[PDB]
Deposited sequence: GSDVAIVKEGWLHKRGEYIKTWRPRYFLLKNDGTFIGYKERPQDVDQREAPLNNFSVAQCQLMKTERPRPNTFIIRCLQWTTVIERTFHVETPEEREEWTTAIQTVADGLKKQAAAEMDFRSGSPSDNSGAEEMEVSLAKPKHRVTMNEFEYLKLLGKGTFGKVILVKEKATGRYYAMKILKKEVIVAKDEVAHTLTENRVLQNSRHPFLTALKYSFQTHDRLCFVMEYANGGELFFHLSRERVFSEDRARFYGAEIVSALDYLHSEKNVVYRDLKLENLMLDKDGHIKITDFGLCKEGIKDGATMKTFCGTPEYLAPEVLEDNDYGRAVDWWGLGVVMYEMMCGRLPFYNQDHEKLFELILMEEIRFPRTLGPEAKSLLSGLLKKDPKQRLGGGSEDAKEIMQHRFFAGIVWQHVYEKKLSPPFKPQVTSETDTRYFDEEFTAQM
């Protein structure tokens, strides 16, 4: 009952590298729109690729015969722009996408206090706010309404409120007050293997939820998106906004190779990101680094990662498997997904139900009195 509707070659604009590339795309009954570097020989459906509840737009800028699939996924607006040689191909491409999309078919702003602008994007901004009545701290995604339920896990930032105005759509999210993780790692230079095991285990727990329960790739696992709460447990943030890049988008040193090549990607992307995160916690440096992006791309794509002699054998086996450049060969790329990492020797002795229930002791208790303490918001944040 799941079958291809339309397939063929498209010109896809790279999501992080804004260059046009030829990709073979498949439009399926389940609504999945996946592009491949070569024709697929022919895995569970990922929501990242679905065209359900997305809007289609045809345009002649930046280049003619372009169509844009615009989706709201959770609280982030994402775009995928494609280009065919003739307007006829576009029209029959868009209608098929529109066919499958249709075929598969009191809180106000004054209650908060504006504090600090966290980020600007194409379709809105993110702002650190404080709820006046409670004094708690929240991030508010304010999205332009012209352009357009919570599911809780211990280590994901909760979407607390959702409201809209005449022209805005607002998502209020819990903001942890235990400090950014890049701040704690910088102050302590390197984390112990046990400290990184605690942090890694909680991330693996949340990644399993998103992969199996939610059927989505997080695709943005990096140190800057990790925070600690008042107790010292991990919260994976969701404060991202789709920006049109600078003259390329984002910081490429974290990107999985299959994403860097705009190739087909799956749940294995987050395990690469897990490898990058835990490599830096246990080594104190990023695995790949060079100022030239041409070299950095080649580094991430070609140069195999090197380890310091300070790391133990269990750590080196985990990092090597997570940072395998082939996602089919990568630790966590099989059907068992998160189970491959949970069953790894580095996580021996870890009872995984205990991790979900926050039974493991945080090795680092942040110096905060309560959930309203603003120590890591003050100018001691240096």
ask   = In sequence order, which deposited residues have no C-alpha?
value = 1-2, 45-48, 112-143, 187-202, 302-308, 444-446
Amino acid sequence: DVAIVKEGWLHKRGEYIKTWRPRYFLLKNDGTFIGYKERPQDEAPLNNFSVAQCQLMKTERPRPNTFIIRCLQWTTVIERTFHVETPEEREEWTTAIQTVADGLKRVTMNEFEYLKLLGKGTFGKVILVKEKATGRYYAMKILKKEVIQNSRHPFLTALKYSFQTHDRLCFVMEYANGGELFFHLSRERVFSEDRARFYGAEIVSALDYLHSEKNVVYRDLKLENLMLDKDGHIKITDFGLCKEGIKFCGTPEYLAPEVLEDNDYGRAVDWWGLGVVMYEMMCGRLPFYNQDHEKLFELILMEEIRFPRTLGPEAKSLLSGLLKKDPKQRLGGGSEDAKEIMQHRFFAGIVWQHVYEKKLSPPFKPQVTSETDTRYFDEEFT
From here on, numbers count along this sequence of modelled residues.
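Rigid core: the largest C-alpha set superposing within 1.5 Å between the two forms.
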key: Divergent stretch in 7 other deposited structures of this protein, 346-354 or 65-73 [C-alpha RMS, superposed by the core]   = 65-73
request  = Any chance you could tell me whether 219-227 or 109-117 drifts more in 7 other deposited structures of this protein, judged by RMS CA distance from this form after superposing on the core?
outcome  = 109-117
query = Within the set of other compared PDB entries, does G245 lack a model in a third or more?
reply = yes
inquiry  = Across the other PDB entries of this protein that model residues on both sides of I148, is it left without coordinates in at least a third of them?
reply    = yes
message = Highest mean C-alpha temperature factor of the two stretches 262-270 and 290-298, which is it?
response = 290-298
remark   = Mean B factor on CA atoms, stretches 163-171 and 70-78, record says higher is 163-171
remark   = In this crystal structure's PDB entry, the residue among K58, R63, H344, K325 with the greatest CA B factor is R63
query = Reading the B-factor column of the entry, which of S151, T237, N177, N215 has the highest value at its C-alpha atom?
reply = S151
ask   = In terms of the chain's CA B-factor thirds, is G31 lowest, middle or highest?
value = middle
key: Chain-wide C-alpha B factor ranking for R21, given as lowest, middle or highest third   = middle
task = Check where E146 lands among this chain's C-alpha B-factors and tell me if it's the lowest, middle or highest third.
result = highest
inquiry  = Which third, lowest, middle or highest, does the C-alpha temperature factor of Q41 belong to within its own chain?
reply    = highest
task = Grab the CA temperature factor for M109 from the record and place it in the lowest, middle or highest third of its chain.
result = highest
